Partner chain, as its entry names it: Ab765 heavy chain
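Encoded as structure tokens, the following chain is the form deposited without the partner chain, with no partner shown.
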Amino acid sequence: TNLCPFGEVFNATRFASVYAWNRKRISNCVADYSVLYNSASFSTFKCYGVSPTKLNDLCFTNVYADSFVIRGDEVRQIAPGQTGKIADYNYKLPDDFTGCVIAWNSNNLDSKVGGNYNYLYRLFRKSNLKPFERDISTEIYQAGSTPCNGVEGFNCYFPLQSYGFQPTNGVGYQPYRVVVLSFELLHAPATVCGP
């Protein structure tokens, strides 16, 4: 009856930038998703491919908690088939998504007067990010023909831009922490079940 340590994911004191989103494996465990779904802290609980009411009924081989911090106006980019600068460039979900997305406002945790520049996002990369891919590489984005030897300038923009997370920003610009539960079941025995 070892309950799943969702506290180390949802209640973590320091989340990760959306480009370098953390991924925690959950298995050898029992997880009650009804507590998360019936929690008032979460502003968004969008389940794709499954239904949250039946989450405790099903079992999967393992769960992946993909934790990051995005902008409010940007939370709608964590749905399957969405496009933009987070979905296409930072964290892509396949249209055949079997999981859930859990977004809660975290202004009082990840904002700072003057800007919480500790959170970043990837404006620049060659191709759209493959679903469930992350790229932590900070390589100068050559947008032009001329190789410029890795100096930040025209057609050599730094690929990562910072998030301006101030407590006075409008809700669409406030830091929302997002945890994506990706559910995987296969020939390996279903190990993470729900009460």
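In this text, rigid core is short for the largest set of C-alphas that superpose within 1.5 Å between two forms. Shifts are known only where both forms have a C-alpha. Residue numbers count along the first chain shown, from 1.
Just so it is clear, the following notes concern the form deposited with the partner chain bound, a form of the same protein that is not shown.
**Item:** Contacts with the partner chain in the deposited bound form - residues in 97 to 136 whose heavy atoms fall within 4.5 Å
**Value:** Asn107, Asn108, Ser111, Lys112, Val113, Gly114, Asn116, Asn118 sit within 4.5 Å of the partner.
**C-alpha displacement of 2 Å or more between this form and the one not shown on the rigid core, among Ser43, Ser162, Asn128, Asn155** = Correct option: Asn155.
**Prompt:** Core fitted, what stretches of 3+ consecutive residues have C-alphas moving by 2 Å or more between this form and the one not shown?
**Reply:** The run that moves is 153 to 155, and no other.
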